[PDB]
There are 4 protein chains.
Amino acid sequence: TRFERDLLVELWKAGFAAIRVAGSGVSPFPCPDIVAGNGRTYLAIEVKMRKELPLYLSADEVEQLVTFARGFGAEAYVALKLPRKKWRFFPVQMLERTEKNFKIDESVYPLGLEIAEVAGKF
Amino acid sequence: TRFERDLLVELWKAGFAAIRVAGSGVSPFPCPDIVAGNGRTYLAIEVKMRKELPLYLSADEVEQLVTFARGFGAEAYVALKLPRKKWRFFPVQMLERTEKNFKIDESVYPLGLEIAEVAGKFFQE
Amino acid sequence: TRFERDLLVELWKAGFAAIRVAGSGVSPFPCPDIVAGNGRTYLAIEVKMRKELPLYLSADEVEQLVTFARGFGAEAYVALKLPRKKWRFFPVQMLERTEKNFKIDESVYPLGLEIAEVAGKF
Amino acid sequence: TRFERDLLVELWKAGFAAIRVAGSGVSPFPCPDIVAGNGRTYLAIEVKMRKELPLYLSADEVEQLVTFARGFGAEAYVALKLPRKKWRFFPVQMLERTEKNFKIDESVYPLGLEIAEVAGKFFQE
DNA sequence: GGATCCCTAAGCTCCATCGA
DNA sequence: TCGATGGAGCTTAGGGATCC
DNA sequence: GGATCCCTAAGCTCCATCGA
DNA sequence: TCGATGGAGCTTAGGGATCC
């Protein structure tokens, strides 16, 4: 919450029109935490922060995001913020599947994209 | 607020993936009341409900939108809900200007788009 | 709606503390249209009115009522009002099952209870 | 109204089948704010939320309840929600009277029942 | 630390002003 | 400074403080 | 007929009075 | 009697009227 704000910041710097969503869960429809675009690229974002790794994500959590992202016309991304470390971005494709869910461990965080890679990637 | 809710639904019903911008202005940036995409069409929407025409809009409010829309990659629209009428969507280009603000009056309102025509304005072509 | 009021009336006459429910469907939980009791007997009621017969009821409609009735500690009843005719009461047990739903036709209405039978029945 | 909603849930969570009386008074009769049953226990509930004790109740309001409760076949209770405290259930018999009204004050409040104790007051015995 | 919560600031439609 | 009675506003939301 | 809708009346907690 | 601008209330609900 105190994070989203400055992530939007990081985001406006990268040349992204960012916005937050007013009441994520609310309606029977899915919702990301942030939706940002820049003309060529669109992004649905699940915003996460943790003291340490790994980051866990229920299949249903990811399911929702991808559904919105897909149906809206944007890219499923998870923003992970670790203490004093800068935001890394993980496309759902990149998430480690588990026995039945998802996660990001030491062996995955490395691949995350700094916000800039994400933009100039297209 | 009752209709940001209402409209929002109408959009989903219309195959659009819509969202209410967290604080139509609480954010430290220019913001729309609603943002909707659907794969081909993207909307920066300013949501208004009046009891009767005209509807005046601050030139501020407008640049605010166009700037955002021009920047996000969306078409800037004004959605206007009039009593016992359906929602009406107006591209900003359609807004007639007063001395130094804008307006939708009885001359413009009729030309607003139902939501379908908005999504299906993409198929032209 | 204009009916419930006077049915409550019919009900207060029969010596029933009746009440209406504020927003039937509302919550994820089931709701009758009226809940009335008199010390010995309790009643969950689906209030229906029709110009003519038969009365149709989805399995899910009845399902809800019975669930509330059962879990509350009352009796599943359907109040049927026909034009100029007095209210008849049908316990769910009494409803005609169809291919997959429920209903009340000419051959069933007859069995309905006038509000008084329902009270002094216990 | 926010808490009639709230409480109502707490009851369901507590295995009670509860309902909000359509118009806590709009009906042409004496009515409770809430009615809940669960097969063994039946509640005629007057719902109040104060910011701090005491809570005064019109002797009217009370007979209204007892009469209904005595008539429906339910135990008449007052549910009182105090800030940052859980709901508290008070049988009418527990209400101390002022000169010609009633009250729950700092002497009574402590003795209110959590909801469980209400449902489990049935098992005594 | 976490949750509740209290409260202050702002936001939206309407009304009336002000003006035409 | 409480103790009980008789009279008016009613939004949404984000932050600091507070109880626990 | 049906739906929306506009609007007026009432309801609840709080505050201040009034009183102690 | 409109035409555009600058300033305040904000509840819930049931019924008559109104548009369609």
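All chain D residue numbers match Swiss-Prot; in order, they span 6-130.
Each residue, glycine too, has its Cβ placed from N, Cα and C.
Noted in Swiss-Prot for the protein shown:
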- D:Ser29: active site (ACT_SITE)
- D:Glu9, D:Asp38, D:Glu51: Mg(2+) binding site (BINDING)
- D:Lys53: site 'Transition state stabilizer' (SITE)
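Feature map: Swiss-Prot annotations on the structure.
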residue : record                             : contacts (Cβ under 8 Å, 6+ apart)
D:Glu9  : Mg(2+) binding site                : D:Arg25, D:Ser29, D:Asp38, D:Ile39, D:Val52
D:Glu51 : Mg(2+) binding site                : D:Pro37, D:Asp38, D:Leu62, D:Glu66, D:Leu70, D:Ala81, D:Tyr82, D:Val83, D:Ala84
D:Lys53 : site 'Transition state stabilizer' : D:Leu60, D:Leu62, D:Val83, D:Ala84, D:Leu85, D:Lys86
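Within 8 A of the CB centroid of the Mg(2+) site residues D:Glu9, D:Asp38, D:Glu51, the other residues of that chain are D:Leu12, D:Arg25, D:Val26, D:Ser29, D:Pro37, D:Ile39, D:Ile50, D:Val52, D:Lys53, D:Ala84. When Cβ atoms from all protein chains are considered, those within 10 Å of the residue listed as 'active site' total 16, not counting its own. In sequence order there is nothing to list, since none of the recorded positions D:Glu9, D:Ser29, D:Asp38, D:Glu51 has a CB under 8 Å from a CB of chain B. A sphere of 10 angstroms centred on the C-beta of D:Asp38 (Mg(2+) binding site) encloses 21 other C-beta atoms.
Annotation note: D:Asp38 (Mg(2+) binding site) sits in a coil segment as assigned by DSSP.
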